[PDB]
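> please find the sequence and an experimentally derived structure below.
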Amino acid sequence: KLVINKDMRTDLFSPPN
Amino acid sequence: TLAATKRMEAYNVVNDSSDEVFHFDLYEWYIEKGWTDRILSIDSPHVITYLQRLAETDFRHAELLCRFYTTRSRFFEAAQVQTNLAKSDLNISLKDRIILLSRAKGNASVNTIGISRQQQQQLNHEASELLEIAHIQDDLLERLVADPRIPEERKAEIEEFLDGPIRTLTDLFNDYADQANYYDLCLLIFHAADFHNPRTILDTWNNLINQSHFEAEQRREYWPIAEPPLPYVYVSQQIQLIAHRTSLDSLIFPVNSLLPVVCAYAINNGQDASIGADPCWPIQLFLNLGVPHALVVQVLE
Amino acid sequence: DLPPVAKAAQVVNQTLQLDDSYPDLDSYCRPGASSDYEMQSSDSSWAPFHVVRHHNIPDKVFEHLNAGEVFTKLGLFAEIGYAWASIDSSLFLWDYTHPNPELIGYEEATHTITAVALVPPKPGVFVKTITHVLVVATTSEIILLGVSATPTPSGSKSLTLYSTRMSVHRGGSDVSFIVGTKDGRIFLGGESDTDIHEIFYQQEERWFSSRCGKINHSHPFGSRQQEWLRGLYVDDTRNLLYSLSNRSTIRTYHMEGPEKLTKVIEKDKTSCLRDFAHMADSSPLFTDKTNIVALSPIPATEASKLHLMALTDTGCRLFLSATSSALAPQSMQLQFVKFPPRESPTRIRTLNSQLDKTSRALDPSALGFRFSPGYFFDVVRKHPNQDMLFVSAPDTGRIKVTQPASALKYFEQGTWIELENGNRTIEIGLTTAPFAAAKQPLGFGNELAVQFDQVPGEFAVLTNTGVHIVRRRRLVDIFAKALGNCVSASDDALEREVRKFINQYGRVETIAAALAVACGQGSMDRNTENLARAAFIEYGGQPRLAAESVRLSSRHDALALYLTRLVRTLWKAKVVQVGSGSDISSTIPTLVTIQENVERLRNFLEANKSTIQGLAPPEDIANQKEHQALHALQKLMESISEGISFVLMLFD
Amino acid sequence: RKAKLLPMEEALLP
Amino acid sequence: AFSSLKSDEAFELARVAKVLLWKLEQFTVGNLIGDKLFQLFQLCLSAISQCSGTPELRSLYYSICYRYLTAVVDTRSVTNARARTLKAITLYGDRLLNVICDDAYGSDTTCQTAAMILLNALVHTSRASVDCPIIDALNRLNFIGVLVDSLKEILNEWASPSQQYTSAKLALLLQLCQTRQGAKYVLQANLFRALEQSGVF
Amino acid sequence: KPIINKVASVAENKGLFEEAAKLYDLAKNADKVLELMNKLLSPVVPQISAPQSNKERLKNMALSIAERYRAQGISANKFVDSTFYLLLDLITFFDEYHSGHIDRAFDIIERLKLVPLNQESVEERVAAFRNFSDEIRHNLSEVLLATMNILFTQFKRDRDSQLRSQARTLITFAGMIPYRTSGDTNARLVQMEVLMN
């Protein structure tokens, strides 16, 4: 079961908080 | 010997007793002495309850219960625990869960007396699926951590999330694999997810070939400790790596379309006799990979 | 002018000549002295040696040892992987590589056993299935046994004993030392006197002779003095036998004929001390109170002049030359001294040019062994209870980089190995095949050239608790483990670690090591290989023109160097051997490994065609001729692969 | 176990 | 869509196809029927190779493939169908036959019977296509060995379900003794001593 | 060359492999000789080699074809060829195993690097099994059991930890490999490991 969702992710190249 | 008689007389009193609180305290003490093979030989059913109740909160005790079953040749029952343990909420590293599922896949591959053929494959299929996913997740984490493009602050946030239980392919694809433009691992996810889409599969193959050609041409331009390979060689490596790992599924490895692409790349990027390459290296690649001759000639036609 | 694979073959030929010009022992141990050491912690990634495994003495002999009444002894047969223990008139062999070994016993002996040795058999005496002869000396007899150490089938050599009906009376002189030659000659000596005896043995029964005899090669007259032996030492390459006495007298005998033995030199401690005095540097570590506790012959293939090394109990290594007046030698002279290192073993790491001639770090040295091309083991008995092991090797890297010839010194890499306390070292023996990079002194000691042809030297260290295995670590082993320490570490931490290697081994040698590790050579392993690859790229340098003419990058030289070393055994070798229609020179299994190695190299080049500078197509003349030279090397590889693939097809 | 000592006949030729 | 997902909906849909296959311009209809019968033949062998569902559902698949290999395939059109039909069987290999061999002499009474009769159609249609790969696979899986061993005490086993089961058992052995290669594997099983302990004669 | 293949071709089509091999070998067609020799060996790999058996009569011809193919430097494609010399090694592994030479037989299987013995090699060994000739995967069941029974015997005779670790390795490998009689085999393998502890 795979579902691509380019819309809302988490910037892999920016730190958190 | 009468020495051996007094031994058997002693261990019959112990193994036959109906006091199971004594058995538990006895099994707890056998471990503290490292008498592992002793616990396994016991045929009492109080040992199964002890090991089962301890496997639930101790990984290294669930280990013995799995060893207990496998010396007795109850192979399914072991894979049943190894799989149910990899899916657990217990603090187990991902690389251990890869071992568990890899042992579970083996223990569930052979017949075991009493258990059906369907329930045997029902467990082998489940374990094999997870192992394929866990291998992606492991190879993904390994590459993300070593990725200079990623901040050292995020890498720690990733490693905690990935280095443990096995996540969904959706999580692995979106928040990680696709963003980093890991095209090769994106294909493995499509295969492991039975992803039906001929175009995106082919679009990803094109990006994987180009990004591979670039990494190899930059290297050849730099030479970089040893003489790097010509571009098509590194491109050929990245297909073989998928081909063995995909097991040549028709969906993510469609010779109907991919072979023209590789043959096109061999022309548009001039990987031919000009650089000392075998001009028929695209054909040599697919044939040796296990593609039927009758199909390759059907495509070149 | 010249085609690609022909130009590359020229570089290979020149490269071969470079490796075979590695300095000989005589030229970096010239008359004078040295104290040059770089010490390394045992646990360091730079350690020249390390312990690899230990095999406990089986319990069934511990029982027999305590059942001993008067005499017990332990010993090693490292060349077949067996150990032995004698208890009074009984003998027990066992394979120490095996986990639950069977005891091979021989209890026919009537009197206490005093020495046992494993020797080559005399040709044309026994059936071909007999690999060795077991000599067992008691207080009454010297007994010979047949031995077959044939390799059934997995670990060590399965071992069977055969009686021979060959025994000689022991005579009046104790036997504690038994040595054998290539051709099966058996020499004896002991602690009663300095005499050397030889055992003859024959196939036939003759009426006037016997199958088995013993003669005394020394013959003394009256007027004797108390003196006995400490060890016997054979050097087959010069047909010499050396004895060492308790007074530290070194005697040299020449095997001029097949059954003759002749004393040709006798050098007492006084002569060594006079020689040592005429040296520019005298020292308190060598006086008339000092004892020589061991010798180690140096074969003619390693050095012409330096024949022998002698170890003092203060840790000094004396290198003695010997010359003919014209062949046997007639004179022996102390030429060169290697003085002890200063660093003593520590638990906690410690903060690290004149000749150091006063160190006591090796005082007292109880036992000592030297193996080609200079591996030194010293058993230092600082305390009466535990031995410390000092182990050093020539700093091969610095030795071959050093320029000019007059700057050559005996540079060494050393370390201390502690085997856990309470056990005494008894013997140290070579388990792998004898080292040799060439067939003459020049090129002989080049460890770098053979790190992919030869197994690294392994050594069995026998104590009273077990056998410890010590392994020589190669350049690629050190480079790989060092990189392993750079995985989690920084970016400019790699550059730092690499420069250490460059300042010692040189840029080309360093990059060649990175290439090798990138190709799977070396002792997560993927991170290490990727790190090696990175070093090969970022530090490989670049082509430039000199003062038309171009100087290729170190990356190119490294590649030519690595490729050459993979094919060095077969390059100049004949493909076949003919007696009337038969054989292949290089074995079938070795050609496969050579091929697999070369194909690994080729693969690495293609898999990084893009990022290796010079592989992809291209101030200009430099980069262009760089591109041409790399192309030539790659065409040679596939040619090498084809060629081997062809020879394998022939004998198929 | 005392090691079995095979005979001289096999050992030495011919 | 439910070939190997659940074993409850296929049962109701597996038996309806069974009876339908037995209760059976004309050229156009004949092509559509034979086309689906070929596609329906694939999903059956696919489930048998994975050992899906209960022995009851696994038994219905044997009857469908039985009549298909006995009536449909059994003249250029016949050669093409027979050739392509054998390809599907060879695709799975020992994985498929292993499941069928285990069903025989099992706990269920109808599954072992259908499985035994199914092997007869496979070897029969294979010879029509001097050797055969189907019979060879049975020897590697130790099927012929255990099969000859069961011949002992046949008097105890022999309308009744046990009687019809033995009929298919002995009937299969008779087919292997017709090909030249069968005598080699069959003779090595020592069947002469197996039929003597039973005392049937 | 053609008729010897014609005659060899029909005899091959009539399941007369032992003859088709001799005939193909007469025309020095190693591609077919080794192919057929792979089929004749795989069934007999774990069997007991006894005087005049079908194992001896096939092993001894295979070795007479190994020498003449090495002394003359002949070889088929590496797939057919690799499997052929691999089976010959395994045939030696069981001939040593059935003779009680446990130590010697253990050493052979270790060289082949076919069954992992240290956990680190499991990943690569498992991938190799995927592309190894089915004439090899067939006999994987008997190889694991013999190797286990080998460690099993050596245990009853630190070393204990080492055997225990290797015992585990075999199980996890077998767990991740789908192969012949994986049910009975995976169970027996686990039982033999329990008795060790």
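Ah, there it is. Numbers count the residues shown, from 1 in each chain, chains lettered A, B, ... in the order given.
> which residues in the stretch 1-150 of chain C form helices?
Listed in chain order, the helices of the stretch 1-150 of chain C (DSSP state H, counting those that start in this stretch) span C:4-19, C:25-28, C:59-66.
> looking at the ones you listed, which is buried most?
helix C:25-28 (a mean of 20; mean count of other CB atoms under 10 Å in any protein chain shown). (Each C-beta comes from the backbone N, C-alpha and C, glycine too.)
> coming back round to it: what's the closest of the helices of the stretch 1-150 of chain C to chain D?
helix C:59-66 (10.4 Å; CB to the nearest CB).
> what's the spacing between the closest one and its chain's center?
33 Å (CA atoms, centre = their mean, to the nearest Å).
> dump the helices of the stretch 1-150 of chain C into a markdown table; add distance to chain F as well.
Formatted as a markdown table, those follow (distance: least, CB to the nearest CB, whole Å):
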| stretch | distance to chain F |
| --- | --- |
| helix C:4-19 | 23 |
| helix C:25-28 | 37 |
| helix C:59-66 | 12 |
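> out of those helices, which gets nearest to chain A?
Nearest to chain A, of the helices of the stretch 1-150 of chain C and by CB to the nearest CB, is helix C:4-19 at 44.9 Å.
> which other helices and strands does that closest one contact?
helix C:554-566, helix C:620-650 (3 or more CB pairs under 8 Å, 6 or more residues apart in numbering or on different chains; DSSP states H and E).
> let me have those helices in CSV, extended by distance to residue F:33 and mean neighbour count.
Converted to CSV, the helices and strands packed on helix C:4-19 look like this (distance: least, CB to CB, whole Å; neighbours: other CB atoms under 10 Å in any protein chain shown):
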stretch, distance to residue F:33, mean neighbour count
helix C:554-566, 33, 25
helix C:620-650, 15, 18
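> need those in TSV with distance to chain A, can you?
Below are the helices and strands packed on helix C:4-19 laid out as TSV (distance: least, CB to the nearest CB, whole Å):
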stretch	distance to chain A
helix C:554-566	32
helix C:620-650	35
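> nearest to residue B:267, of the ones you listed?
Set against residue B:267 and scored by CB to CB, the helices and strands packed on helix C:4-19 come closest in helix C:620-650, at 21.4 Å.
> so is that closest one next to chain F?
Yes: using CB under 8 Å from any CB of the partner chain, we find that helix C:620-650 touches chain F at C:647-650.
> and that helix with helix C:554-566, angle?
Angle of helix C:620-650 versus helix C:554-566, following axes from the mean of the first three to the mean of the last three CA atoms, to 10 degrees, is 20 degrees.
> just the buried positions in stretch B:285-301, please.
B:285-286, B:289, B:291, B:296, B:299 (16 or more other CB atoms under 10 Å in any protein chain shown).
> closest to chain E among those residues?
Of those, the one sitting nearest to chain E (CB to the nearest CB) turns out to be residue B:291, at 16.4 Å.
> just say helix, strand or coil for the closest one.
Classification of residue B:291 using DSSP: H, G, I helix; E, B strand; the rest coil returns coil.
> give me the number of residues near the closest residue to it other than its chain neighbours?
Nearest residue to residue B:291 in three dimensions, chain neighbours excluded: residue B:255, at 5.7 Å (CB to CB, 6 or more residues apart in numbering or on different chains). Per other CB atoms under 10 Å in any protein chain shown, the neighbour tally for residue B:255 reads 18.
> and what of the one 3 residues further on?
Counted with other CB under 10 Å, the burial measure for residue B:258 works out to 20 neighbours.
> just confirm it is within a helix.
Yes: assessed by three-state DSSP, residue B:258 belongs to a helix.
> could I get the phi/psi values of residue B:163?
Phi and psi for residue B:163, reported as degrees, to the nearest 10, are phi -80, psi 80.
> I meant to write residue C:506 there.
According to degrees, to the nearest 10, residue C:506 has phi 100, psi 160.
> for the nearest residue to it once chain neighbours are set aside, give me its contacts.
Spatial nearest neighbour of residue C:506, excluding adjacent residues (CB to CB, 6+ apart): residue C:401 at 4.5 Å. When contacts are counted by CB atoms under 8 Å, 6 or more residues apart in numbering or on different chains, residue C:401 touches C:504-506, C:509.
> residue of chain F nearest chain E, please.
residue F:15 (3.8 Å).
> the closest residue in space to that residue that isn't next to it in sequence: what secondary structure?
In this structure, residue F:15 finds its nearest non-sequential neighbour in residue E:131, 3.8 Å apart by CB to CB, 6+ apart. Of the three states, residue E:131 takes coil under three-state DSSP.
> ok, now which ones touch the residue nearest to residue B:291?
Counting by CB under 8 Å, 6+ apart, residue B:255 has contacts B:286, B:291, B:295-296, B:299.
> go on, residue B:207?
B:181, B:183.
> which of the three states applies to it?
With three-state DSSP as the basis, residue B:207 sits in helix.
> what residue of chain E is the furthest out?
residue E:25 (34.2 Å; CA atoms, centre = their mean).
> who does the closest residue to residue C:345 other than its chain neighbours bridge with?
Nearest residue to residue C:345 in three dimensions, chain neighbours excluded: residue C:416, at 3.8 Å (CB to CB, 6+ apart). Bridge pairing for residue C:416 (DSSP bridges) gives the partners residue C:390.
> tell me the secondary structure at the nearest residue to residue C:146 once chain neighbours are set aside.
Leaving aside its chain neighbours, residue C:146 sits nearest to residue C:162 (3.1 Å; criterion: CB to CB, 6+ apart). For residue C:162, the assignment made with three-state DSSP gives strand.
> residue C:162: neighbouring residues, count only.
When neighbours are counted by other CB under 10 Å, residue C:162 comes out with 25.
> can you check the one 10 residues further on too?
Look at residue C:172: counted by other CB under 10 Å, it has 8 neighbours.
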